[PDB]
Structure formats: C-alpha cells, structure tokens
Amino acid sequence: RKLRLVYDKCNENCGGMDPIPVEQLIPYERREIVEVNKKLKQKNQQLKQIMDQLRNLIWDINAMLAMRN
Amino acid sequence: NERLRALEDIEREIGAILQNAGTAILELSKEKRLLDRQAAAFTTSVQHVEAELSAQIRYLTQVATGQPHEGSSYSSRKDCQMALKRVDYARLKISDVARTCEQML
C-alpha cells in the first residue's frame, strides 16, 4: 500500500522542470544549515573524545580482569 | 575456632568462680554457721585449676620447642587488598567517565 502511495506521489511530483534531461547528462539559507552541521560535528567530536575516554577505561577494566583469578 | 574459644571461656569462668569462691570463703570465715562448710568447697575449686593445670600439662604440646601454626595464611588477605584496590580503581574510572558524560551534556 505504501509503495503504491509513494509511487503515485513521485508521479504527481512532476511539477516544474518536468523533462530534466540531466539523467543522461550526468556530469563527467544553506549557510545556516552548514553552520548547524559544523556545530553538530563539533559536538560529535566532543562526544567522540568522551567515548574514547570511556573505552580507554573499559580496556583498563578488561586489563584488571586479566589479573583476576 | 569454636572449641578453642569455648575452652578459653571455660578457663576464664573457672578462674572467676575460683576468685569469687575465695572471696566468699574469706567473708564467711572472717566474721559472723554451717554455710562456712561450703567455703571448704572453694578449696576444691582450687583443685579444679590444678586439673586445668593437668589439662594444660597433658595438653597438645605439639613441639614444646618452637611455635606451631606455620604461616599467617595472609595470602588471602593480600588477595583481598588487591581486590579492594581493583574495586577502587574501577570506581575512579567510573567517576571519570561520569564526569565526561556530564560535561557532554
């Protein structure tokens, strides 16, 4: 059902620049979105360092267990 | 363990009863009487200590030249210290990870 619906939606989506011959012609504001992406990647790098510390502690705990009996 | 502590408590109670019987015999024969006859039993209690002496005489006496119970067996104690140290290290690492996570928010 959803496939039929999305196919009908894609068919009805042909509004403006209908031919768009760039298919056979394949090659051979956005600032706010880019800034949000940069901030997201910065927070992701921070969380990556946090996860690095966490996995370092986890490897340390594994080392302790290596000493276990 | 159980038997040693029991025999020790028995010897301590025997000594306490001997001291109490001696004090009672002194208080009875000092001033004023048939109860003084029981005072003689106090001397018998003294003989009990002699039996304990005999109990100590013909006791184990493993070597009577050295000390028995070789080894403090505190290897387990050292292992427990290492376990507690590992627990503390894990607590410290967990606290560091928690500080990092709180800073992530």
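Residues numbered from 1 in each chain as written, not as in the entry; some residues may be left out. Chains lettered and ligands numbered in written order. Part of a larger assembly, values for the part shown. Heavy atoms only, no water. Residues with missing side-chain atoms left out of burial classes, pairs and counts.

Going by what the PDB entry lists, chain B is known as Mediator of RNA polymerase II transcription subunit 11 and is assigned to Mus musculus. In the PDB, the entry goes by the title "Atomic model of the mammalian Mediator complex with MED26 subunit". Its UniProt record gives chain B a comment under Subcellular location, which states: "Nucleus". Recorded in UniProt under Sequence similarities, the annotation for chain B is "Belongs to the Mediator complex subunit 11 family." (UniProt positions renumbered as here; feature names shortened; annotations may be inferred.)

The name recorded for chain A in the PDB entry is Mediator of RNA polymerase II transcription subunit 30, from Mus musculus.

Draft legend 1. Looking closely at the overall build of chain A. Within chain A, the regular secondary structure consists of two helices and zero strands. A compact globule built from 69 residues would reach a C-alpha radius of gyration of about 11 Å, whereas chain A, at 25 Å, exceeds it by more than 25%. Seen through its principal axes, chain A has C-alpha atoms that stretch 70 × 35 × 25 Å. (Helix = DSSP H or I, 4+ residues; strand = E, 2+ residues; numbered from the N terminus. Rg over C-alpha atoms; globule rule 2.2 N^0.38 Å.)

Draft legend 2. Focus on the overall build of chain B. Within chain B one finds three helices and zero strands. Element order for chain B, N to C, with α for helix and β for strand: α-α-α. Based on the C-alpha atoms only, the size of chain B along its principal axes is roughly 90 × 40 × 20 Å.

Draft legend 3. Summary view of the interface of chain A and chain B. In this complex, chain A contributes six residues to the contact, which on the side of chain B involves five residues. Residue composition of the side of chain A that touches chain B, by class: four nonpolar, one polar and one charged. (Contact = heavy atoms within 4.5 Å. Nonpolar A, V, L, I, M, F, W, Y, C, P; charged D, E, K, R; others polar.)

Draft legend 4. Geometry of the packing of helix α2 (residues 30-66) of chain A against helix α3 (residues 75-104) of chain B. Where α2(A) meets α3(B), the closest approach of the two axes is 10 Å, and the angle between their N-to-C directions is 170°. The angle between the axes of α2(A) and α3(B) places the two elements in the roughly antiparallel class. Between α2(A) and α3(B), the contacting residues are A:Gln46, A:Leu47, A:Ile50, A:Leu57, A:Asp60 and A:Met64 on the first element and B:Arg86, B:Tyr89, B:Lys93, B:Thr100 and B:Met104 on the second. In terms of residue class, the contact of α2(A) with α3(B) is built from six nonpolar, two polar and three charged. (Axes fitted to C-alpha atoms, helices over the stretch in contact; angles between N-to-C directions. Parallel < 35°, antiparallel > 145°, perpendicular 65-115°, else oblique.)

Draft legend 5. The arrangement of unusual backbone geometry in detail. Residue and element names in this part refer to chain B. Backbone geometry at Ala64 places phi at a positive 55°, although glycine is not the residue there. Tracing the backbone shows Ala64 in the loop between α2 (36-57) and α3. Positive phi outside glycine occurs at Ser73, with the angle close to 55°.

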